[PDB]
Engineer: 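First, the structure itself, so that you have it in front of you.
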Amino acid sequence: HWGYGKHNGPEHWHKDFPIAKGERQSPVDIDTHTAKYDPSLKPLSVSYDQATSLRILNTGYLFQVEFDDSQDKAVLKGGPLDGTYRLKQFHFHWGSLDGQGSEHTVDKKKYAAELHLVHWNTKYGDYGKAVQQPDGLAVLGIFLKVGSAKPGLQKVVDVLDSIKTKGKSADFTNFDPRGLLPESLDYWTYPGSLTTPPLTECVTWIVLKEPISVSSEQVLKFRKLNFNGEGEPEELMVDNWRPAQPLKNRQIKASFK
Ligand SMILES: Cc1cc(C)nc(Sc2c(F)c(F)c(S(N)(=O)=O)c(F)c2F)n1
Ligand code: NA
Ligand SMILES: [Zn+2]
């Protein structure tokens with residue numbers, strides 16, 4: 001099965017998932033000089049006031065925090081988006097070293113980690129139908145740099161020891177994802193894909209320009225997770241990022257400056 005190692009990592013995925021070599025793959029390098037300012041884009045509307053977190057899960061490839069998306073609670077709209085996208089979950093990708101870990105890059109700069117807030121287009125009724133559609137998902141991407149602690153991240157960090165291994169979950173209620181947002185909602189946007197198998201080309205990417213700051217100690221706790229299941233040889237969950245893929249004809253649009 002797929003993973004991040006030499007044997008089953010990103011350069012192998014195309015054999016099971018040929019769309020890996022498709023025309024709208026993610027992530028990409030954001031060339032800030034060739035991104036076009038688009039004065040017709042709207043400010044992002046992030047309405048997370050009624051978000052209902054439920055659970056945190058080690059999937060074997062990352063960890064994710066899941067939300068109750070059975071009603072229009074937390075939603076993303078505006079920006080490049082037509083209609084309303086409902087928050088389903090967030091997760092992170094990160095490095096073995098502070099110098100790497102993000103999936104998107106900015107002028108080839110890698111960040112220590114990248115947060116993905118995943119939302120589905122409510123015109124498609126649920127997530128499983130939305131992922132079959134070319135405008136099914138909107139993923140809000142936020143870079144993490146190592147510096148000051150992010151207080152809003154600590155509740156996540158502190159629960160990771162209870163989900164060390166693949167398939168472990170824990171109750172994770174009353175978590176407010178607004179605590180993970182930077183001050184500015186200036187962004188880049190482009191059409192792309194899931195960054196893990198099945199690599200479906202169903203994502204409108206919205207990548208915030210301003211990274212959030214996390215402490216070295218917070219990210220080191222991400223690196224103590226395990227890709228393996230309990231009772232199996234320990235493989236640290238690090239470097240679970242896909243590298244930049246070819247932009248091909250696509251244009252990246254900037255909301256700013
Ligand atoms: C592959 C898969 C299967 C299922 C059932 N949910 C998901 S949710 C999800 C996910 F885990 C991800 F890593 C991504 S990502 N990196 O943001 O493209 C995603 F969009 C998602 F929508 N992903
Ligand atoms: Na409900
Ligand atoms: Zn992701």
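Index from 1, following the sequence. For the numbers below, each heavy atom of this structure counts, side chains included, while hydrogens, waters and symmetry mates do not. Start at 1 and go down the list; that is how both ligands and their atoms are numbered.
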Engineer: Specify side chain, backbone, both or neither for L194, according to which of its non-hydrogen atoms lie closer than 4.0 Å to ligand 1.
Structural biologist: both

Engineer: Give me the nearest non-hydrogen protein atom to atom 8 (S) of ligand 1 as residue plus atom name, then the distance to 0.1 Å.
Structural biologist: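 Protein heavy atom with the smallest distance to atom 8 (S) of ligand 1: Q89 NE2, 3.0 Å.
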
Engineer: Do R178 and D176 sit within salt-bridge range, that is, some charged N less than 4.0 Å from a carboxylate O?
Structural biologist: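 Yes, this pair counts.
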
Engineer: Is there side-chain contact between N240 and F227, with at least one heavy-atom pair below 4.5 Å?
Structural biologist: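 Side-chain contact under 4.5 Å: yes.
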
Engineer: Kindly report the NE2-the Zn ion (ligand 3)-NE2 angle for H91 and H93 respectively, rounded to 10°.
Structural biologist: 100°

Engineer: Salt bridge or not between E66 and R55? Use side-chain N to carboxylate O under 4.0 Å.
Structural biologist: yes

Engineer: Looking at the Na ion (ligand 2), is there an N, O or S atom belonging to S70 that lies under 3.0 Å away from it?
Structural biologist: yes

Engineer: Using a 4.0 Å heavy-atom cut-off, which part of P197 comes near ligand 1: side chain, backbone, both, or neither?
Structural biologist: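 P197 to ligand 1: backbone contact only, side chain stays beyond 4.0 Å.
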
Engineer: Taking atom types as modelled and ignoring hydrogens, do the side chains of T173 and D171 form a donor-acceptor contact shorter than 3.5 angstrom?
Structural biologist: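 Judged by distance alone, the side chains do not pair up.
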
Engineer: Below 6.0 angstrom between ring centroids: does that apply to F175 and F90?
Structural biologist: yes

Engineer: Would you say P198 contacts ligand 1, with heavy atoms under 4.0 Å as the rule?
Structural biologist: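 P198: in contact with ligand 1 (<4.0 Å).
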
Engineer: Do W205 and ligand 1 have an N or O pair less than 3.5 Å apart?
Structural biologist: no

Engineer: Test of understanding: given a 4.0 Å heavy-atom threshold, classify the contact between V139 and ligand 1 as side chain, backbone, both, or neither.
Structural biologist: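 The answer is the side chain.
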
Engineer: Would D98 and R223 pass as an ion pair if we require N to O under 4.0 Å?
Structural biologist: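 Yes.
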
Engineer: Between ligand 1 and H93, can you find any atom pair, the residue atom being a heavy atom, that is separated by under 4.0 Å?
Structural biologist: yes

Engineer: Do the side chains of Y127 and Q89 get nearer than 4.5 Å, heavy atoms only?
Structural biologist: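 Answer no - side chains too far apart.
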
Engineer: Quick test of your reading of the model: are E114 and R242 salt-bridged, counting only N-O distances below 4.0 Å?
Structural biologist: no

Engineer: Which residue supplies the protein heavy atom nearest to atom 18 (O) of ligand 1, what is that atom called, and how far is it?
Structural biologist: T195 N, 3.1 Å

Engineer: Tell me, which N, O or S atom in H116 is closest to the Zn ion (ligand 3)?
Structural biologist: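 Nearest to the Zn ion (ligand 3) within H116's N, O and S set: ND1.
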
Engineer: Taking N or O atoms only and a 3.5 Å limit, does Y127 qualify as a polar contact for ligand 1?
Structural biologist: yes

Engineer: Establish, yes or no, whether the cationic atom of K209 lies under 6.0 Å from the six-membered ring centre of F256 and within 45° of the ring axis.
Structural biologist: yes

Engineer: Under 4.0 Å from a heavy atom of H116: give me the atoms of ligand 1 that qualify, with their elements.
Structural biologist: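 Answer, ordered by atom number: 16 (N), 17 (O).
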
Engineer: Where is the nearest protein heavy atom to atom 22 (F) of ligand 1: which residue, which atom, and how far?
Structural biologist: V118 CG1, 3.0 Å

Engineer: Mark the output for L137 as yes if a heavy-atom distance to ligand 1 is under 4.0 Å, and as no if none is.
Structural biologist: yes

Engineer: Taking 4.0 angstrom as the limit, do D69 and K88 come out as a salt bridge?
Structural biologist: yes

Engineer: Assess the pair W205 and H104: is the distance between their ring centroids shorter than 6.0 Å?
Structural biologist: yes

Engineer: At what distance is the nearest protein heavy atom to atom 12 (C) of ligand 1, and which residue and atom is it?
Structural biologist: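 Atom 12 (C) of ligand 1 sits closest to the protein heavy atom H91 CE1, 3.2 Å.
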
Engineer: For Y61, which part has a heavy atom under 4.0 Å from ligand 1: side chain, backbone, both, or neither?
Structural biologist: neither

